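query_13.pdb (PDB, C-alpha atoms)
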```
ATOM      1  CA  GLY A   1      92.838 -68.293  20.512  1.00  0.00           C
ATOM      2  CA  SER A   2      89.271 -69.413  21.175  1.00  0.00           C
ATOM      3  CA  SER A   3      87.663 -70.857  18.046  1.00  0.00           C
ATOM      4  CA  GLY A   4      83.950 -70.127  17.817  1.00  0.00           C
ATOM      5  CA  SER A   5      81.251 -67.969  16.247  1.00  0.00           C
ATOM      6  CA  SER A   6      80.244 -64.684  17.878  1.00  0.00           C
ATOM      7  CA  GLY A   7      77.233 -63.538  15.877  1.00  0.00           C
ATOM      8  CA  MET A   8      75.639 -63.928  12.453  1.00  0.00           C
ATOM      9  CA  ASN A   9      72.268 -62.227  12.927  1.00  0.00           C
ATOM     10  CA  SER A  10      72.585 -58.552  13.858  1.00  0.00           C
ATOM     11  CA  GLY A  11      69.616 -56.400  14.820  1.00  0.00           C
ATOM     12  CA  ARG A  12      66.191 -57.933  15.403  1.00  0.00           C
ATOM     13  CA  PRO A  13      62.751 -56.617  14.363  1.00  0.00           C
ATOM     14  CA  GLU A  14      59.623 -56.441  16.520  1.00  0.00           C
ATOM     15  CA  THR A  15      57.898 -59.831  16.431  1.00  0.00           C
ATOM     16  CA  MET A  16      55.352 -61.558  18.665  1.00  0.00           C
ATOM     17  CA  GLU A  17      58.363 -63.170  20.338  1.00  0.00           C
ATOM     18  CA  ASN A  18      59.728 -59.943  21.819  1.00  0.00           C
ATOM     19  CA  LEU A  19      59.758 -61.099  25.444  1.00  0.00           C
ATOM     20  CA  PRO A  20      63.066 -62.451  26.814  1.00  0.00           C
ATOM     21  CA  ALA A  21      64.034 -66.128  26.947  1.00  0.00           C
ATOM     22  CA  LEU A  22      63.261 -68.471  29.842  1.00  0.00           C
ATOM     23  CA  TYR A  23      65.308 -67.923  33.000  1.00  0.00           C
ATOM     24  CA  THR A  24      66.574 -64.707  31.412  1.00  0.00           C
ATOM     25  CA  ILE A  25      67.834 -61.835  33.561  1.00  0.00           C
ATOM     26  CA  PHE A  26      66.978 -58.229  32.709  1.00  0.00           C
ATOM     27  CA  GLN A  27      66.350 -54.814  34.265  1.00  0.00           C
ATOM     28  CA  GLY A  28      62.811 -53.468  34.432  1.00  0.00           C
ATOM     29  CA  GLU A  29      60.838 -50.738  36.185  1.00  0.00           C
ATOM     30  CA  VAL A  30      57.760 -51.164  38.378  1.00  0.00           C
ATOM     31  CA  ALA A  31      54.554 -50.024  36.682  1.00  0.00           C
ATOM     32  CA  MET A  32      52.025 -51.422  39.155  1.00  0.00           C
ATOM     33  CA  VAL A  33      52.140 -52.411  42.826  1.00  0.00           C
ATOM     34  CA  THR A  34      49.739 -54.902  44.405  1.00  0.00           C
ATOM     35  CA  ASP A  35      49.405 -56.586  47.797  1.00  0.00           C
ATOM     36  CA  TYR A  36      50.066 -59.837  45.937  1.00  0.00           C
ATOM     37  CA  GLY A  37      52.987 -58.722  43.792  1.00  0.00           C
ATOM     38  CA  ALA A  38      54.209 -56.055  41.384  1.00  0.00           C
ATOM     39  CA  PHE A  39      54.277 -55.554  37.615  1.00  0.00           C
ATOM     40  CA  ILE A  40      57.578 -54.873  35.854  1.00  0.00           C
ATOM     41  CA  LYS A  41      58.173 -53.448  32.378  1.00  0.00           C
ATOM     42  CA  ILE A  42      60.738 -55.288  30.256  1.00  0.00           C
ATOM     43  CA  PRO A  43      63.068 -53.257  28.000  1.00  0.00           C
ATOM     44  CA  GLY A  44      62.093 -53.931  24.397  1.00  0.00           C
ATOM     45  CA  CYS A  45      58.888 -55.905  24.880  1.00  0.00           C
ATOM     46  CA  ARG A  46      55.123 -55.679  24.379  1.00  0.00           C
ATOM     47  CA  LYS A  47      53.749 -57.373  27.497  1.00  0.00           C
ATOM     48  CA  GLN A  48      54.550 -56.934  31.190  1.00  0.00           C
ATOM     49  CA  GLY A  49      55.284 -59.594  33.790  1.00  0.00           C
ATOM     50  CA  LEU A  50      53.942 -60.001  37.318  1.00  0.00           C
ATOM     51  CA  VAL A  51      56.054 -60.736  40.396  1.00  0.00           C
ATOM     52  CA  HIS A  52      54.128 -62.548  43.129  1.00  0.00           C
ATOM     53  CA  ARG A  53      54.669 -61.305  46.683  1.00  0.00           C
ATOM     54  CA  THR A  54      56.311 -64.640  47.490  1.00  0.00           C
ATOM     55  CA  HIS A  55      59.002 -63.856  44.920  1.00  0.00           C
ATOM     56  CA  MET A  56      59.046 -60.110  45.581  1.00  0.00           C
ATOM     57  CA  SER A  57      61.324 -60.893  48.525  1.00  0.00           C
ATOM     58  CA  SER A  58      63.065 -64.070  49.687  1.00  0.00           C
ATOM     59  CA  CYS A  59      62.379 -63.393  53.367  1.00  0.00           C
ATOM     60  CA  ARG A  60      58.867 -63.113  54.798  1.00  0.00           C
ATOM     61  CA  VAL A  61      56.700 -60.649  52.874  1.00  0.00           C
ATOM     62  CA  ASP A  62      54.020 -58.832  54.869  1.00  0.00           C
ATOM     63  CA  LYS A  63      53.714 -55.566  52.943  1.00  0.00           C
ATOM     64  CA  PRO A  64      54.925 -55.794  49.320  1.00  0.00           C
ATOM     65  CA  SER A  65      53.431 -52.360  48.658  1.00  0.00           C
ATOM     66  CA  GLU A  66      56.257 -50.928  50.762  1.00  0.00           C
ATOM     67  CA  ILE A  67      59.101 -52.923  49.216  1.00  0.00           C
ATOM     68  CA  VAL A  68      58.771 -51.294  45.795  1.00  0.00           C
ATOM     69  CA  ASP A  69      56.970 -48.376  44.151  1.00  0.00           C
ATOM     70  CA  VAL A  70      56.109 -47.338  40.595  1.00  0.00           C
ATOM     71  CA  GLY A  71      59.186 -45.701  39.105  1.00  0.00           C
ATOM     72  CA  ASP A  72      61.754 -47.928  40.794  1.00  0.00           C
ATOM     73  CA  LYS A  73      64.006 -50.076  38.607  1.00  0.00           C
ATOM     74  CA  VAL A  74      65.057 -53.566  39.701  1.00  0.00           C
ATOM     75  CA  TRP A  75      66.452 -56.811  38.293  1.00  0.00           C
ATOM     76  CA  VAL A  76      64.123 -59.739  37.611  1.00  0.00           C
ATOM     77  CA  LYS A  77      64.437 -63.232  36.137  1.00  0.00           C
ATOM     78  CA  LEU A  78      61.810 -65.059  34.080  1.00  0.00           C
ATOM     79  CA  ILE A  79      60.585 -68.161  35.906  1.00  0.00           C
ATOM     80  CA  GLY A  80      57.682 -69.123  33.666  1.00  0.00           C
ATOM     81  CA  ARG A  81      56.412 -67.777  30.352  1.00  0.00           C
ATOM     82  CA  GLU A  82      53.201 -68.988  28.710  1.00  0.00           C
ATOM     83  CA  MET A  83      51.713 -67.617  25.488  1.00  0.00           C
ATOM     84  CA  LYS A  84      48.196 -68.699  24.525  1.00  0.00           C
ATOM     85  CA  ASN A  85      46.043 -67.578  21.595  1.00  0.00           C
ATOM     86  CA  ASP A  86      43.488 -66.719  24.277  1.00  0.00           C
ATOM     87  CA  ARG A  87      45.854 -64.903  26.637  1.00  0.00           C
ATOM     88  CA  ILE A  88      49.505 -64.519  27.627  1.00  0.00           C
ATOM     89  CA  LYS A  89      50.848 -65.118  31.135  1.00  0.00           C
ATOM     90  CA  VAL A  90      54.280 -63.971  32.307  1.00  0.00           C
ATOM     91  CA  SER A  91      55.835 -64.693  35.701  1.00  0.00           C
ATOM     92  CA  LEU A  92      58.906 -62.868  37.007  1.00  0.00           C
ATOM     93  CA  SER A  93      61.002 -63.346  40.144  1.00  0.00           C
ATOM     94  CA  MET A  94      63.188 -60.979  42.166  1.00  0.00           C
ATOM     95  CA  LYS A  95      64.097 -63.050  45.226  1.00  0.00           C
ATOM     96  CA  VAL A  96      66.385 -64.948  42.852  1.00  0.00           C
ATOM     97  CA  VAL A  97      68.036 -61.852  41.387  1.00  0.00           C
ATOM     98  CA  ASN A  98      70.391 -59.348  43.013  1.00  0.00           C
ATOM     99  CA  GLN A  99      69.571 -55.637  43.143  1.00  0.00           C
ATOM    100  CA  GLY A 100      73.096 -54.242  43.184  1.00  0.00           C
ATOM    101  CA  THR A 101      74.403 -55.922  40.041  1.00  0.00           C
ATOM    102  CA  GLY A 102      71.518 -58.051  38.811  1.00  0.00           C
ATOM    103  CA  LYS A 103      73.520 -61.276  38.772  1.00  0.00           C
ATOM    104  CA  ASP A 104      71.684 -64.598  39.018  1.00  0.00           C
ATOM    105  CA  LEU A 105      71.421 -65.803  42.617  1.00  0.00           C
ATOM    106  CA  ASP A 106      69.552 -69.037  41.908  1.00  0.00           C
ATOM    107  CA  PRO A 107      71.157 -70.762  38.891  1.00  0.00           C
ATOM    108  CA  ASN A 108      69.318 -73.915  39.963  1.00  0.00           C
ATOM    109  CA  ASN A 109      65.763 -72.646  39.476  1.00  0.00           C
ATOM    110  CA  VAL A 110      64.366 -75.154  41.973  1.00  0.00           C
ATOM    111  CA  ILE A 111      62.712 -72.802  44.460  1.00  0.00           C
ATOM    112  CA  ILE A 112      60.549 -71.284  41.727  1.00  0.00           C
ATOM    113  CA  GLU A 113      59.111 -74.786  41.362  1.00  0.00           C
ATOM    114  CA  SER A 114      56.386 -75.675  43.863  1.00  0.00           C
ATOM    115  CA  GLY A 115      58.301 -78.348  45.749  1.00  0.00           C
ATOM    116  CA  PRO A 116      57.933 -80.064  49.142  1.00  0.00           C
ATOM    117  CA  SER A 117      59.710 -78.566  52.154  1.00  0.00           C
ATOM    118  CA  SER A 118      59.626 -78.265  55.944  1.00  0.00           C
ATOM    119  CA  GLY A 119      58.130 -75.377  57.894  1.00  0.00           C
TER
END
```
Rewritten as structure tokens:
Amino acid sequence: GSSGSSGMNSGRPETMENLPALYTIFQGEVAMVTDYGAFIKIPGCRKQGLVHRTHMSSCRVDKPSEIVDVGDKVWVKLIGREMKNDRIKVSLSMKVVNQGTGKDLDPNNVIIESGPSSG
């Protein structure tokens, strides 16, 4: 059989570190829709993340306010989480996460990084 530990710490309280880990995949619902992205609510958290229009959809995005709507549940993956004593910023992506199963589509996490490219 496979030798290895499964779990030692069961159940977790509500601490400042409620948000998911980096590059973590989860299912959330849209709470706000903007022409520059949409806000998603994470299950078992305190803060919400924003999904830029560029990430809202891989292909060209002209009207992100038509792609999603408050009440719709979709799969998102954390691309960048920053917590400051002055403010907390959370960035989520969808163009790198499926909508039928929620499986990771970009296990590389290179696109999320502002890199050089053609056209």
Determine, using all atoms listed in the file, which residues of stretch 77-106 of chain A have any atom at most 6 Å from an atom of stretch 49-70 of chain A, and tabulate each with its shortest atom pair and distance in Å to one decimal place, rows ordered by chain and then rising number, as JSON lines.
```
{"residue": "A:90", "atom": "CA", "partner": "A:49", "partner_atom": "CA", "distance": 4.7}
{"residue": "A:91", "atom": "CA", "partner": "A:50", "partner_atom": "CA", "distance": 5.3}
{"residue": "A:92", "atom": "CA", "partner": "A:51", "partner_atom": "CA", "distance": 4.9}
{"residue": "A:93", "atom": "CA", "partner": "A:55", "partner_atom": "CA", "distance": 5.2}
{"residue": "A:94", "atom": "CA", "partner": "A:56", "partner_atom": "CA", "distance": 5.4}
{"residue": "A:95", "atom": "CA", "partner": "A:58", "partner_atom": "CA", "distance": 4.7}
```
Put those residues in a file: C-alpha atoms, as an mmCIF file, keeping the file's coordinate frame.
```
data_model
loop_
_atom_site.group_PDB
_atom_site.id
_atom_site.type_symbol
_atom_site.label_atom_id
_atom_site.label_comp_id
_atom_site.auth_asym_id
_atom_site.auth_seq_id
_atom_site.Cartn_x
_atom_site.Cartn_y
_atom_site.Cartn_z
ATOM 1 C CA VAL A 90 54.280 -63.971 32.307
ATOM 2 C CA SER A 91 55.835 -64.693 35.701
ATOM 3 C CA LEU A 92 58.906 -62.868 37.007
ATOM 4 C CA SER A 93 61.002 -63.346 40.144
ATOM 5 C CA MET A 94 63.188 -60.979 42.166
ATOM 6 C CA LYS A 95 64.097 -63.050 45.226
#
```
Point to revise | Pairwise distance for atom CA of residue A:38 and atom CA of residue A:89, rounded to one decimal in Å | key: 14.1 Å
Point to revise | Interatomic distance, atom CA of residue A:109 to atom CA of residue A:26 (Å, one decimal) | key: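 Between atom CA of residue A:109 and atom CA of residue A:26 the gap is 16.0 Å.
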Exercise for review: Could you state which residues are captured by the PyMOL selection byres ((chain A and resi 21-24) around 8) in this file, as a list in words?
Suggested key: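 Against this file, the PyMOL selection byres ((chain A and resi 21-24) around 8) returns the residues residues 19, 20, 25, 26, 77, 78, 79, 80 and 81 of chain A.
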Practice item. Expand the PyMOL selection byres ((chain A and resi 18) around 9) into the individual residues it matches in the shown file, reporting them as a list in words. Key: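 This file, filtered by the PyMOL selection byres ((chain A and resi 18) around 9), leaves residues 13, 14, 15, 16, 17, 19, 20, 44, 45, 46 and 47 of chain A.
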Put those residues in a file: C-alpha atoms, as a PDB file, keeping the file's coordinate frame.
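Writing done, so here's part.pdb:
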```
ATOM      1  CA  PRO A  13      62.751 -56.617  14.363  1.00  0.00           C
ATOM      2  CA  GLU A  14      59.623 -56.441  16.520  1.00  0.00           C
ATOM      3  CA  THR A  15      57.898 -59.831  16.431  1.00  0.00           C
ATOM      4  CA  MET A  16      55.352 -61.558  18.665  1.00  0.00           C
ATOM      5  CA  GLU A  17      58.363 -63.170  20.338  1.00  0.00           C
ATOM      6  CA  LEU A  19      59.758 -61.099  25.444  1.00  0.00           C
ATOM      7  CA  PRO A  20      63.066 -62.451  26.814  1.00  0.00           C
ATOM      8  CA  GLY A  44      62.093 -53.931  24.397  1.00  0.00           C
ATOM      9  CA  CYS A  45      58.888 -55.905  24.880  1.00  0.00           C
ATOM     10  CA  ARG A  46      55.123 -55.679  24.379  1.00  0.00           C
ATOM     11  CA  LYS A  47      53.749 -57.373  27.497  1.00  0.00           C
TER      12      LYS A  47
END
```
Review point. Distance atom CA of residue A:28-atom CA of residue A:43, one decimal place?
Key: 6.4 Å
**Study point:** Answer key for the PyMOL selection byres ((chain A and resi 99) around 10), residues as an NGL selection string
**Key:** :A and (27 or 73-76 or 94-98 or 100-103)
**Study point:** Top pick for closest residue to residue A:39, considering A:2, A:11, A:110, A:71 and counting only C-alpha atoms
**Key:**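 Among the listed residues, the smallest separation from residue A:39 belongs to A:71.
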**Study point:** Proximity to residue A:88 - best of A:9, A:48, A:40, A:30, all atoms listed in the file
**Key:**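 Closest to residue A:88 of all the choices is A:48.
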